[PDB]
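One file, model-v2.cif, carrying mmCIF, C-alpha atoms and all ligand atoms:
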```
data_final
#
loop_
_atom_site.label_atom_id
_atom_site.label_comp_id
_atom_site.auth_asym_id
_atom_site.auth_seq_id
_atom_site.Cartn_x
_atom_site.Cartn_y
_atom_site.Cartn_z
CA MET A 1 16.63 74.72 65.13
CA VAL A 2 14.74 71.99 67.01
CA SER A 3 15.10 68.37 65.85
CA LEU A 4 12.72 66.98 63.25
CA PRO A 5 10.59 64.01 64.36
CA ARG A 6 10.86 60.50 62.92
CA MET A 7 9.52 60.60 59.37
CA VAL A 8 8.95 57.87 56.79
CA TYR A 9 9.46 58.81 53.15
CA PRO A 10 11.25 57.58 49.98
CA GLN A 11 15.03 57.54 50.25
CA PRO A 12 16.68 60.13 48.00
CA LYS A 13 18.55 58.50 45.10
CA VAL A 14 22.10 59.85 44.75
CA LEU A 15 22.49 58.35 41.27
CA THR A 16 19.10 59.47 39.96
CA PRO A 17 18.38 63.12 39.02
CA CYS A 18 15.10 64.72 40.13
CA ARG A 19 14.50 66.12 36.66
CA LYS A 20 16.45 65.39 33.48
CA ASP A 21 14.47 67.92 31.46
CA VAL A 22 15.27 71.05 33.46
CA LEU A 23 17.97 72.86 35.43
CA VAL A 24 17.27 72.48 39.17
CA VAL A 25 20.15 74.51 40.65
CA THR A 26 21.70 77.82 39.59
CA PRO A 27 25.45 78.33 39.13
CA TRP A 28 25.58 80.03 42.55
CA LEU A 29 23.98 76.93 44.07
CA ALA A 30 20.48 78.29 44.62
CA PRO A 31 17.78 75.67 44.03
CA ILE A 32 15.35 76.23 41.15
CA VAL A 33 11.96 75.10 42.42
CA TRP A 34 10.11 72.65 40.15
CA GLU A 35 7.55 69.97 41.05
CA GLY A 36 9.49 66.79 41.87
CA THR A 37 12.48 68.47 43.49
CA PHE A 38 11.05 68.79 46.99
CA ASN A 39 9.36 66.70 49.67
CA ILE A 40 6.75 69.07 51.08
CA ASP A 41 6.30 67.00 54.24
CA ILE A 42 9.92 67.57 55.30
CA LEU A 43 9.76 71.28 54.42
CA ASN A 44 6.43 71.79 56.23
CA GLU A 45 7.95 70.21 59.34
CA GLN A 46 10.98 72.46 59.19
CA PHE A 47 8.97 75.67 58.85
CA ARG A 48 6.20 74.79 61.29
CA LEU A 49 8.79 74.03 63.97
CA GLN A 50 9.88 77.63 63.45
CA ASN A 51 6.27 78.83 63.73
CA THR A 52 6.84 80.70 60.48
CA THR A 53 4.55 83.58 59.51
CA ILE A 54 4.27 84.59 55.86
CA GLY A 55 3.03 87.98 54.73
CA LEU A 56 1.36 88.18 51.31
CA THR A 57 1.13 91.65 49.83
CA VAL A 58 -1.00 92.88 46.95
CA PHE A 59 -1.97 96.27 45.60
CA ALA A 60 -5.49 96.76 44.31
CA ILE A 61 -6.14 100.27 43.04
CA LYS A 62 -9.08 101.42 40.93
CA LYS A 63 -10.52 98.66 38.74
CA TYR A 64 -8.14 96.07 40.18
CA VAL A 65 -10.18 95.77 43.37
CA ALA A 66 -12.42 93.49 41.30
CA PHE A 67 -9.76 90.76 41.34
CA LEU A 68 -9.49 90.54 45.14
CA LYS A 69 -12.30 88.04 45.75
CA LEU A 70 -10.91 85.30 43.48
CA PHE A 71 -7.34 86.09 44.51
CA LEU A 72 -8.06 85.72 48.23
CA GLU A 73 -10.46 82.77 47.90
CA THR A 74 -7.95 80.73 45.92
CA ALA A 75 -5.09 81.80 48.18
CA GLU A 76 -7.09 80.29 51.03
CA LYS A 77 -7.11 77.00 49.14
CA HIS A 78 -3.50 76.87 47.97
CA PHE A 79 -1.21 79.41 49.65
CA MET A 80 0.80 78.30 52.68
CA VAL A 81 -2.09 76.19 54.01
CA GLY A 82 -1.25 75.05 57.53
CA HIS A 83 1.06 77.97 58.24
CA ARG A 84 0.48 81.45 59.69
CA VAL A 85 -0.43 83.90 56.91
CA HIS A 86 -0.97 87.65 57.04
CA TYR A 87 -2.49 89.26 53.96
CA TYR A 88 -1.73 92.92 53.33
CA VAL A 89 -4.11 94.53 50.85
CA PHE A 90 -3.07 98.02 49.75
CA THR A 91 -6.03 99.75 48.11
CA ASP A 92 -7.58 103.15 47.41
CA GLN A 93 -11.02 101.64 48.03
CA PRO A 94 -11.02 100.05 51.52
CA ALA A 95 -14.80 99.63 51.54
CA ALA A 96 -14.62 97.68 48.27
CA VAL A 97 -12.46 94.87 49.67
CA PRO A 98 -14.59 91.69 49.63
CA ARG A 99 -15.49 89.83 52.81
CA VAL A 100 -13.53 86.60 52.32
CA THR A 101 -13.71 83.78 54.85
CA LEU A 102 -10.27 82.83 56.18
CA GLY A 103 -8.98 79.63 57.72
CA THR A 104 -7.64 79.63 61.26
CA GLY A 105 -4.26 81.29 61.83
CA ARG A 106 -4.73 83.60 58.87
CA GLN A 107 -5.49 87.31 58.91
CA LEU A 108 -5.99 90.21 56.56
CA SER A 109 -5.07 93.86 56.96
CA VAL A 110 -6.49 96.49 54.62
CA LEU A 111 -4.19 99.48 54.18
CA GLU A 112 -5.65 102.51 52.41
CA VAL A 113 -3.25 104.10 49.94
CA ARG A 114 -2.56 107.45 48.31
CA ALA A 115 0.44 107.63 50.62
CA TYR A 116 0.18 105.77 53.94
CA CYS A 117 5.42 101.82 58.29
CA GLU A 118 7.82 99.18 57.00
CA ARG A 119 8.87 98.54 60.61
CA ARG A 120 5.52 96.83 61.07
CA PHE A 121 6.49 94.04 58.64
CA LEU A 122 9.61 93.31 60.69
CA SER A 123 7.50 92.63 63.77
CA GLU A 124 4.54 90.82 62.19
CA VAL A 125 6.00 88.42 59.62
CA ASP A 126 9.14 86.38 58.88
CA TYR A 127 8.83 86.38 55.11
CA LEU A 128 7.15 88.64 52.57
CA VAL A 129 5.70 87.45 49.26
CA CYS A 130 4.85 90.24 46.83
CA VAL A 131 2.49 89.45 43.95
CA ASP A 132 0.12 90.87 41.34
CA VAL A 133 -3.59 90.83 42.20
CA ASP A 134 -5.11 89.90 38.82
CA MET A 135 -4.11 86.29 39.39
CA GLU A 136 -5.52 83.16 40.98
CA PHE A 137 -3.97 80.18 42.72
CA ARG A 138 -4.73 76.86 41.03
CA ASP A 139 -2.36 74.57 42.92
CA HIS A 140 0.00 74.34 45.89
CA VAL A 141 2.22 77.34 46.65
CA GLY A 142 3.97 76.60 49.93
CA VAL A 143 7.05 76.92 52.09
CA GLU A 144 9.22 75.40 49.37
CA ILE A 145 9.54 78.98 48.06
CA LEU A 146 10.73 80.52 51.35
CA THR A 147 14.34 81.68 51.46
CA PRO A 148 16.18 84.98 52.11
CA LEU A 149 15.57 86.23 48.56
CA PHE A 150 13.72 84.70 45.62
CA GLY A 151 12.74 85.66 42.07
CA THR A 152 10.46 83.85 39.60
CA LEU A 153 11.30 82.91 36.01
CA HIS A 154 9.17 84.88 33.53
CA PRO A 155 6.92 82.38 31.66
CA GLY A 156 7.66 83.91 28.27
CA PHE A 157 11.45 83.99 28.48
CA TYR A 158 12.51 80.94 30.49
CA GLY A 159 13.78 79.26 27.33
CA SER A 160 15.27 82.37 25.74
CA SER A 161 18.92 83.37 25.41
CA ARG A 162 20.02 86.43 27.40
CA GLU A 163 20.30 88.55 24.26
CA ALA A 164 16.54 88.11 23.78
CA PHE A 165 15.68 89.11 27.36
CA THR A 166 13.77 92.39 27.46
CA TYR A 167 16.13 94.00 29.99
CA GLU A 168 16.63 97.76 29.86
CA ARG A 169 19.33 98.21 27.20
CA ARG A 170 20.00 101.95 27.49
CA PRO A 171 23.25 102.73 29.41
CA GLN A 172 21.61 105.95 30.61
CA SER A 173 19.28 103.91 32.82
CA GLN A 174 20.19 102.52 36.24
CA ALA A 175 18.42 99.31 35.20
CA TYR A 176 20.83 98.90 32.28
CA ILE A 177 22.04 95.36 31.55
CA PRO A 178 24.33 94.71 28.53
CA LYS A 179 23.72 91.90 26.04
CA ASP A 180 26.52 89.77 27.51
CA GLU A 181 25.19 89.86 31.08
CA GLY A 182 22.21 88.23 32.76
CA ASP A 183 21.22 84.91 34.32
CA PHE A 184 17.44 84.80 33.89
CA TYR A 185 14.55 87.14 33.19
CA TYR A 186 12.60 87.44 36.43
CA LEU A 187 9.07 88.78 36.42
CA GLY A 188 8.03 91.63 38.67
CA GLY A 189 4.76 89.94 39.59
CA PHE A 190 6.08 87.35 42.04
CA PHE A 191 9.10 87.85 44.28
CA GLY A 192 9.84 87.72 47.99
CA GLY A 193 12.13 86.61 50.79
CA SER A 194 12.87 87.65 54.37
CA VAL A 195 11.42 91.01 55.38
CA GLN A 196 14.93 92.44 55.56
CA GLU A 197 15.91 91.33 52.05
CA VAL A 198 12.61 92.36 50.50
CA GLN A 199 12.91 95.83 52.03
CA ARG A 200 16.48 96.09 50.73
CA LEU A 201 15.29 95.24 47.21
CA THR A 202 12.35 97.66 47.18
CA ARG A 203 14.50 100.40 48.71
CA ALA A 204 17.15 99.86 46.03
CA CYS A 205 14.52 99.80 43.28
CA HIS A 206 12.94 103.01 44.59
CA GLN A 207 16.28 104.85 44.60
CA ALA A 208 17.24 103.64 41.12
CA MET A 209 13.88 104.76 39.71
CA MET A 210 14.26 108.21 41.29
CA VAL A 211 17.67 108.58 39.64
CA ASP A 212 16.23 107.59 36.26
CA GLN A 213 13.34 110.03 36.71
CA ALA A 214 15.80 112.84 37.46
CA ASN A 215 17.77 111.99 34.32
CA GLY A 216 14.51 112.01 32.37
CA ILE A 217 14.35 108.30 31.56
CA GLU A 218 11.92 105.46 32.28
CA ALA A 219 13.02 101.81 32.12
CA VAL A 220 11.41 99.81 29.31
CA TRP A 221 9.50 97.59 31.74
CA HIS A 222 9.61 99.92 34.73
CA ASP A 223 9.75 98.16 38.11
CA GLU A 224 10.44 94.80 36.47
CA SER A 225 13.50 96.16 34.68
CA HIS A 226 14.96 97.35 37.98
CA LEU A 227 14.04 94.08 39.69
CA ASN A 228 16.08 92.26 37.06
CA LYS A 229 19.07 94.57 37.55
CA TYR A 230 18.89 94.03 41.33
CA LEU A 231 18.72 90.23 41.12
CA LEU A 232 21.58 90.22 38.63
CA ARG A 233 23.82 91.96 41.19
CA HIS A 234 22.32 90.28 44.30
CA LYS A 235 21.73 86.63 43.39
CA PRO A 236 18.47 85.18 44.74
CA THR A 237 18.89 82.28 47.17
CA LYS A 238 16.05 80.41 45.41
CA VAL A 239 14.57 80.82 41.92
CA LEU A 240 10.99 79.74 41.26
CA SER A 241 10.12 77.89 38.05
CA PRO A 242 7.38 79.26 35.74
CA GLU A 243 5.00 76.90 37.55
CA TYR A 244 4.65 79.80 39.98
CA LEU A 245 3.46 82.44 37.50
CA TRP A 246 1.93 81.25 34.25
CA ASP A 247 -0.64 82.35 31.68
CA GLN A 248 -2.37 79.29 30.25
CA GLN A 249 -4.40 81.28 27.73
CA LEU A 250 -1.27 82.79 26.21
CA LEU A 251 1.12 79.87 26.80
CA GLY A 252 -0.93 76.69 27.17
CA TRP A 253 0.29 73.85 29.39
CA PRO A 254 3.78 72.60 28.36
CA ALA A 255 4.94 69.13 29.37
CA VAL A 256 7.80 70.70 31.34
CA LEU A 257 5.21 72.15 33.74
CA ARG A 258 3.81 69.36 35.90
CA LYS A 259 1.68 71.86 37.80
CA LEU A 260 0.27 75.33 37.12
CA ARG A 261 0.22 76.92 40.58
CA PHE A 262 -0.42 80.66 40.16
CA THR A 263 -1.92 82.04 36.95
CA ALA A 264 -3.20 85.12 35.14
CA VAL A 265 -6.94 85.74 35.19
CA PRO A 266 -8.64 86.07 31.76
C1 LIG A 301 3.85 85.17 28.71
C2 LIG A 301 4.37 85.18 27.48
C3 LIG A 301 5.45 86.30 27.22
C4 LIG A 301 5.23 87.41 26.07
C5 LIG A 301 3.95 88.32 26.28
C6 LIG A 301 4.22 89.76 26.74
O1 LIG A 301 4.58 89.53 28.14
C7 LIG A 301 4.97 90.74 28.78
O2 LIG A 301 6.40 90.73 28.93
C8 LIG A 301 6.90 91.99 29.43
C9 LIG A 301 8.41 91.90 29.45
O3 LIG A 301 8.92 91.60 28.16
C10 LIG A 301 6.29 92.28 30.81
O4 LIG A 301 6.75 91.31 31.74
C11 LIG A 301 4.76 92.23 30.74
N1 LIG A 301 4.19 92.42 32.06
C12 LIG A 301 4.31 90.89 30.15
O5 LIG A 301 2.87 90.86 30.00
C13 LIG A 301 2.12 90.59 31.14
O6 LIG A 301 2.44 89.27 31.62
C14 LIG A 301 2.10 88.22 30.68
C15 LIG A 301 2.53 86.91 31.31
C16 LIG A 301 0.60 88.24 30.36
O7 LIG A 301 -0.15 87.93 31.53
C17 LIG A 301 0.19 89.62 29.85
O8 LIG A 301 -1.22 89.67 29.67
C18 LIG A 301 0.62 90.71 30.84
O9 LIG A 301 0.34 91.99 30.30
HG HG A 302 13.90 64.47 42.96
HG HG A 303 6.11 93.42 49.25
HG HG A 304 10.48 100.69 42.47
HG HG A 305 11.77 96.46 42.22
#
```
So that I can check it, write out the structure of this file as structure tokens.
Ligand SMILES: CCCCCCO[C@@H]1O[C@H](CO)[C@H](O)[C@H](N)[C@H]1O[C@@H]1O[C@@H](C)[C@@H](O)[C@@H](O)[C@@H]1O
Ligand SMILES: [Hg+2]
Ligand SMILES: [Hg+2]
Ligand SMILES: [Hg+2]
Ligand SMILES: [Hg+2]
Amino acid sequence: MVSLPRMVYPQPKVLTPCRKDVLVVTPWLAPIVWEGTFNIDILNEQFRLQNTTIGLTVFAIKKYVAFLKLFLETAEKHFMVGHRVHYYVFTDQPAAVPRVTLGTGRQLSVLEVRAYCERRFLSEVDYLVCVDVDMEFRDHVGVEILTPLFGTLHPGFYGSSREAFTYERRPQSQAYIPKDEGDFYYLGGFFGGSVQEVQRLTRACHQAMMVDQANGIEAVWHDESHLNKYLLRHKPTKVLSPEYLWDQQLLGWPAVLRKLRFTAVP
């Protein structure tokens, strides 16, 4: 909207690729976010000028409440630092949520679950980032991921052919994807976008799962299977590289990953 200020940074090189080892743009022209493809100073300027607010949602039920401390503490160190952040913790144990110290401009809302509006998101945040709680941030996760709709490449299938993807293969399921279809295998543990697009995705997933339930069938990987079906039919406007959701214990640290930003907790 408003003009960017004078900025001094390296001139982009038209005849020099960012990465020659990986795909950095999808066939529908959505960028694939890898370290080296973006200048965070330019992006931070663009989003701060918009006074962007990012909501981060996590569910912590039963034993999972034990992961909240590390999750929130590391998020404070690496997630959207410098921008407005609103954490939404959905739990069945409100009193068990740890007292984590937050930086300025950041807040946390604890929502007790077992039932209990989506309209609230529309008035409190601009973007929603939905992730798994048994994780920890180890490096920068910033505005470079913000876009109307984004999915993240599953760390165990990013180099696999579509036939090997663990999509739901039964035609009786609404999440069904044939062997000759599919772009990538997105993981259900890290997705997001504008509040509007995220609500459209979750609403579509909810309906598809209800239909499957009625027909007495459960997708092979549940929510993740439906997420993949949705993103196949509604292409994400940005795709995050596996840098954004990795498991170093199970997958190590490949050369193709310059940074490990968000990882599974052992
Ligand atoms: C990460 C290497 C990939 C192969 C390990 C099994 O990964 C599981 O894949 C299915 C889909 O095929 C689901 O996405 C599961 N949620 C995956 O396991 C979970 O995520 C991986 C990354 C590990 O953290 C594992 O411990 C989790 O259960
Ligand atoms: Hg580059
Ligand atoms: Hg969400
Ligand atoms: Hg769902
Ligand atoms: Hg979904």
Env. residues ligand HG 305 (chain A) / 12 Å / only C-alpha atoms and all ligand atoms / as a ChimeraX atom specification:
/A:130-131,151,174-175,186-192,197-209,219,221-231
Which neighbours of region 110-119 of chain A fall inside 8 Å, counting only C-alpha atoms, when residues of the same chain fewer than 4 positions from it are skipped, and could you give them as a PyMOL selection string?
chain A and resi 88-94+97+123+199
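For the atom pair formed by CA of residue 173 (chain A) and CA of residue 212 (chain A), the distance is 5.9 Å, given to one decimal.
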Distance query region 23-31 of chain A at most 12 Å, all atoms listed in the file, self and fewer than 2 positions along chain excluded, as an MDAnalysis selection string
chainID A and resid 17:21 33:38 144:152 158:159 183:184 232 234:241 256
Shortest interatomic distance to ligand HG 304 (chain A) - which of A:3, A:104, A:213, A:166, counting only C-alpha atoms and all ligand atoms:
A:213
Add whatever atoms are absent from region 152-173 of chain A to reach N, CA and C atoms, and provide the output as a tab-separated table (two decimals), keeping the file's coordinate frame.
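As a result, selection14.tsv now contains:
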```
chain	number	residue	atom	x	y	z
A	152	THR	N	11.19	84.85	40.37
A	152	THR	CA	10.46	83.85	39.60
A	152	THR	C	10.77	83.99	38.11
A	153	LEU	N	11.00	82.88	37.44
A	153	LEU	CA	11.30	82.91	36.01
A	153	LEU	C	10.08	83.32	35.19
A	154	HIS	N	10.24	84.38	34.39
A	154	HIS	CA	9.17	84.88	33.53
A	154	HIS	C	8.75	83.75	32.59
A	155	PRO	N	7.44	83.45	32.52
A	155	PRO	CA	6.92	82.38	31.66
A	155	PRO	C	7.15	82.51	30.16
A	156	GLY	N	7.44	83.72	29.69
A	156	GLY	CA	7.66	83.91	28.27
A	156	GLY	C	9.12	84.01	27.85
A	157	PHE	N	10.04	83.89	28.80
A	157	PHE	CA	11.45	83.99	28.48
A	157	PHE	C	12.33	82.92	29.12
A	158	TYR	N	11.72	81.97	29.82
A	158	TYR	CA	12.51	80.94	30.49
A	158	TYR	C	13.37	80.10	29.55
A	159	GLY	N	13.00	80.04	28.28
A	159	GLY	CA	13.78	79.26	27.33
A	159	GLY	C	14.54	80.13	26.34
A	160	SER	N	14.59	81.43	26.62
A	160	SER	CA	15.27	82.37	25.74
A	160	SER	C	16.73	82.60	26.12
A	161	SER	N	17.52	83.06	25.16
A	161	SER	CA	18.92	83.37	25.41
A	161	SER	C	18.92	84.77	25.99
A	162	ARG	N	19.94	85.11	26.77
A	162	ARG	CA	20.02	86.43	27.40
A	162	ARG	C	19.86	87.60	26.44
A	163	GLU	N	20.41	87.48	25.24
A	163	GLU	CA	20.30	88.55	24.26
A	163	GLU	C	18.84	88.90	23.94
A	164	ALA	N	17.96	87.91	24.06
A	164	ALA	CA	16.54	88.11	23.78
A	164	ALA	C	15.76	88.65	24.97
A	165	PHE	N	16.35	88.60	26.16
A	165	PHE	CA	15.68	89.11	27.36
A	165	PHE	C	15.35	90.59	27.17
A	166	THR	N	14.16	91.00	27.61
A	166	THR	CA	13.77	92.39	27.46
A	166	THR	C	14.25	93.29	28.60
A	167	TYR	N	15.53	93.16	28.95
A	167	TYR	CA	16.13	94.00	29.99
A	167	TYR	C	16.18	95.42	29.44
A	168	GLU	N	16.49	96.38	30.31
A	168	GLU	CA	16.63	97.76	29.86
A	168	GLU	C	18.00	97.76	29.19
A	169	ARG	N	18.07	98.22	27.94
A	169	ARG	CA	19.33	98.21	27.20
A	169	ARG	C	20.02	99.57	27.06
A	170	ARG	N	19.41	100.62	27.57
A	170	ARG	CA	20.00	101.95	27.49
A	170	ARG	C	20.93	102.21	28.67
A	171	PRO	N	22.22	102.46	28.39
A	171	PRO	CA	23.25	102.73	29.41
A	171	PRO	C	22.90	103.92	30.31
A	172	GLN	N	22.01	104.78	29.84
A	172	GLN	CA	21.61	105.95	30.61
A	172	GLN	C	20.70	105.59	31.78
A	173	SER	N	20.17	104.37	31.77
A	173	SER	CA	19.28	103.91	32.82
A	173	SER	C	20.00	103.09	33.89
```
